[PDB]
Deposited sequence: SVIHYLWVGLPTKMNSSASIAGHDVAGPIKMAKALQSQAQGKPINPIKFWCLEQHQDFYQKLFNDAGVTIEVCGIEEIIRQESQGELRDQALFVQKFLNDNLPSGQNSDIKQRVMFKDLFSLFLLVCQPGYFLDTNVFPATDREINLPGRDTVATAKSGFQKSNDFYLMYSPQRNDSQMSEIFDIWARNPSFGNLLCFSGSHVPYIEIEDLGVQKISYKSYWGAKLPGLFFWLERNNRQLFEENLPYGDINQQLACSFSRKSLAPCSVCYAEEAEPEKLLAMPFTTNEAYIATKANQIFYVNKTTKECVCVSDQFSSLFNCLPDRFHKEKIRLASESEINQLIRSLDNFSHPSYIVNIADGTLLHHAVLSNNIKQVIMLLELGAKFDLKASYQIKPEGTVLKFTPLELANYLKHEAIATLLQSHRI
């Protein structure tokens, strides 16, 4: 009846550029808040939070300052104290050999440790283990009982077990311990074959009243902090996770793009078809694509992402014309290079509802951000109001009139 939440790395507040806002505490806060919202009596599931100790006092303050009971534990703390089966030291061998310094080690080496430490943890202390991405189900009842075998949850994307939820009934059960050794023989990124060293039973995550969300935070790059939630556009979701970030955080938002002159999409050298823009990339009779600019004469020759082929030809236009796959001559587009904000991104995307949502929740409205004109080289420092005048977006009536 124990719940092990685990976060490896710096707190999402202090790592606002490489972490998702509330990626370590939203679930545990929502869980503990929900765990003491069903059991009218005394029956409450102990919640443990394992982190590096440099953030024990910080994480411990977060959970009581949110009004929830979560005893924060340390990674090293339960290793200083060993355990008679003490020989677990393999964990620190991997721990020291990759990430003992300050700079955030490469993410994959942390997800590796999450795997290893999660398997290790249930060997020493029985109960459940959840990723912090495991919140409580909506309008359902949370039920985390205590069974008799080591069981995990269904590998949601495959047909096997998965780390996102596990359970062990006794300290060093001859089934949890054997799974650990298979990880130590070939430790690697998400090795799902340690469970294949036996026949691990399955737990239906839905039957517990909880649910898993996949943030996929290693597959390449992503949006940082609160930007990850602003893109989901559920104002409920943003308001929920806003406590775990800063509405005023400034970040280099390489995603914040916008084209200056709109160009078109079409259809073999004249190619001066009647598009209404000053330029377009058009698909030819066959072969591939071109780049045409009516103002000069260029007709550079540059299967996916842009395909106008039947009925309407020189008629379609903008969308995600980021065709900057042809890194040849192209139209001019604007990019945030430094100190952009949520409000800045909202102003660029011409999302008046988002500009209004942020301005109400307390966002400062005239902070400066650094923008560049890519190919050109023009670097401009803009307030959200100044960006809005430049981009010609009818949202200044909101920014340039107080209220």
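Asks: Compare what was deposited with what's modelled and send me the C-alpha-less stretches, numbered from 1.
Replies: The deposited sequence has unmodelled segments at 84-86, 271-276, 312-323, 425-426.
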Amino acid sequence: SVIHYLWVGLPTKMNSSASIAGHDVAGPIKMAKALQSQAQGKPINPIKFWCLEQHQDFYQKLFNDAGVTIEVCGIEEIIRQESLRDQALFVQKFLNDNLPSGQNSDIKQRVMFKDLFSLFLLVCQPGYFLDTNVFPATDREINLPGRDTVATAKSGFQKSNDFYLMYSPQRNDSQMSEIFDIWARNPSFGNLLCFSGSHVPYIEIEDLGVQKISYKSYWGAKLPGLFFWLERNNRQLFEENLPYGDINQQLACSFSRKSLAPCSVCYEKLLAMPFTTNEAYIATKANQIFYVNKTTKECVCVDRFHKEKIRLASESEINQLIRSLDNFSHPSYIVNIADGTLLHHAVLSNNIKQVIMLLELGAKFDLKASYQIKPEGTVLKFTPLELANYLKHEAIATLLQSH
From here on, numbers count along this sequence of modelled residues.
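Asks: Per the entry, where is the mean C-alpha temperature factor higher: 122-130 or 92-100?
Replies: According to the entry, 92-100 carries the higher average C-alpha B-factor.
Asks: So which stretch wins on mean C-alpha B-factor, 5-13 or 380-388?
Replies: Averaging CA B-factors over each stretch, the winner is 5-13.
Asks: For the listed residues 187, 209, 331, 225, which one has the largest C-alpha B-factor as given in the deposited model?
Replies: Among 187, 209, 331, 225, the PDB entry lists the largest C-alpha B-factor for 187.
Asks: Just the C-alpha B-factor column, please: which of 280, 253, 213, 179 has the biggest number?
Replies: So the option with the highest C-alpha B-factor is 179.
Asks: Residue 74: which third of its chain by C-alpha temperature factor?
Replies: Middle third - that is where residue 74 ends up once the chain's C-alpha B-factors are sorted.
Asks: Compared with the other modelled residues in the chain, in which third is the CA B-factor of residue 63?
Replies: For residue 63, the deposited C-alpha B-factor lands in the highest third.
Asks: Tell me, lowest, middle or highest third: where does the Cα B factor of residue 355 rank within its chain?
Replies: Lowest third.
Asks: Lowest, middle or highest third: which one holds residue 305 when the chain's residues are ordered by CA B-factor from the entry?
Replies: Highest third - that is where residue 305 ends up once the chain's C-alpha B-factors are sorted.
Asks: Which third of the chain holds residue 364 when residues are ordered by C-alpha B factor: lowest, middle or highest?
Replies: Answer is lowest: the recorded C-alpha B-factor places it there.
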